[PDB]
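Below you will find one chain, with nothing else, as C-alpha cells; this is the form deposited in one PDB entry, and questions on how it binds or moves follow later.
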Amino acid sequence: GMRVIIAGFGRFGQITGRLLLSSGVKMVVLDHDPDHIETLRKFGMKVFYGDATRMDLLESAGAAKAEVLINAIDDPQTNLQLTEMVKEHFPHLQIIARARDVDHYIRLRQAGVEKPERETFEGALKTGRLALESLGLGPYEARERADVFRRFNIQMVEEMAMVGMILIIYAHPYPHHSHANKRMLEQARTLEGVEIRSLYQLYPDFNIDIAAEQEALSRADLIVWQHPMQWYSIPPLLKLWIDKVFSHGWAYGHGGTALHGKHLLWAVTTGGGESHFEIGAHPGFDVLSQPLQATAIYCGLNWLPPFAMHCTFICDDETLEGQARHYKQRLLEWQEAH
C-alpha cells in the first residue's frame, strides 16, 4: 500500500521489509503480536496491529490494488489460509511466501505459489559453507558445492510437490536498462528458430547450470555472444559461462566434440567508434576479438566476422534502430546461407 502488503513482521518479514524500504518501495505491514509492534516502533517502524487472515484488514490494507503480498507468517496453517484467501479474492495480487519446511513448501506450490522460500534453508547452506571453510576448503569452492546441492535439492522437492537454429547467449548485466542491445534482441526475436538465454536474468547469483547450458548449445547451429563491451572485453558472467560450460571432455580434450561444426558470432555494442580503440601496443577493434576467437577455435567452433555496433555514448534512437536492423539482417543472411 501502495504496491506491497507484508503479512507478518517478525524476524522474516522485517528483513524482507527493510530490504524493500531501502529501495523506496511503499508498503503496508500487518502483525498480530502486540509486543512485536512495540519494539518496531522503538526503531521507528510503522506497523499495523491485526490478524492478516481477516479479509476486512486486507481490504483496508489495499489488497484489491496491491501488486505483491509477502506472506511472512510463521505458522503453516495460517500462512496457507492467507494464501488461499488471497488467491480466491485478489487474483492480481502476486504472493511471495515463506514456508516452514518441505511439507509446507509442497502445500504452497499446490496453492499456486511459484517459489516458496523454506525459512531456514539458505541459512543452513551458509552454515554448511562455514563448516567446509573451517575444515580448510576455499570459500569459493565451498560456495560452489552449496550451489550444486541447492540445485539438486530444489529439483527433488519440486518432484515431491508434483508427486538454421540460432542461440543468443545475451550477457548484458542490466537488460531492463539497455537501449542498444534491447533493440537488437527485439529485432532478432522477429526471426524463426532464435532462442535467447539472458545470463543475468538466469544466473543473478553466478551459479551456472552447466548441464542446462550444454543442452541449449546442442540444439544450436549459430551461437551468438551478445553483450555490451566493458573495459575492452566481455562481462564477468559471460566469462564465467565460458569457463564453466566449455568443459573438459565436452568442448575440448578427449571426446570433447560437442561444438564441432557450429558457428560463433560475436555481437557487441560499444560506446565509442572505431577511433576509440587506437590505444596501446596492438591498437584497433579487431585485435580485441582475439581471446574470443582463440576460445572459439580451440573448442572447434567456426568464428564469423563480428557484428560490432559502434558509438553508443554519442548515438541517437534512429541509428540505434538502423543497427538493430543490420543485426537482424546479419542473422537472416546467416540462416539463408544455411
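Throughout, we count residues from 1 along the sequence that is shown. Shifts are known only where both forms have a C-alpha. Basically, rigid core = biggest C-alpha set you can superpose within 1.5 Å across the two forms.
Just so you know, the form deposited in another entry exists too; it's not on screen, but the next bit is about it.
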Option from 275, 39, 302, 60 moving between the shown form and the other one, CA shift at or above 2 Å, rigid core reference: 39
Rigid-core frame, C-alpha of residue 285, shift of 2 angstroms or more between the shown form and the other one: no
Rigid-core superposition between the shown form and the other one, with residue runs of at least 3 whose C-alphas all shift by 2 Å or more: 38 to 48
